[PDB]
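Chemist: got a structure for you, letters missing:
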């Protein structure tokens, strides 16, 4: 599934990844209500669930 980045988000821990507003990310794991695992091109990691929108 794809999600839209609603905001920029800079990674703040080893398990996180960076995204820019408008990026289309592949959703890898949405089992946590607060942190979703996503693929942003060649990278995978967690971003805040609130900051993305399922398409």
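Modeler: Great, that's in hand. Numbers count the residues shown, from 1 in each chain.
Chemist: Name all residues that make contact with residue 50.
Modeler: The contact partners of residue 50, by CB atoms under 8 Å, 6 or more residues apart in numbering, come to residue 34. Where C-beta positions appear, they are placed from N, C-alpha and C, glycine not excepted.
Chemist: 10 Å instead, please
Modeler: Residue 50 makes contact with 6-7, 33-36 under the criterion CB atoms under 10 Å, 6 or more residues apart in numbering.
Chemist: Which members of those are the farthest-apart pair?
Modeler: Using CB to CB, these span at most 17.7 Å, a distance reached by 7 and 33.
Chemist: re earlier: for the contacts of residue 50, pick the one with the most neighbours.
Modeler: Highest neighbour count within those: residue 36, with 22 neighbours (other CB atoms under 10 Å).
Chemist: For that residue, what is the enclosing helix or strand?
Modeler: strand 35-40 (DSSP states H and E).
Chemist: elements contacting the helix or strand following that strand?
Modeler: As assigned by DSSP H and E, the chain's next helix or strand after strand 35-40 is strand 43-48. Contacts defined by 3 or more CB pairs under 10 Å, 6 or more residues apart in numbering; DSSP states H and E place strand 43-48 against strand 24-29, strand 35-40.
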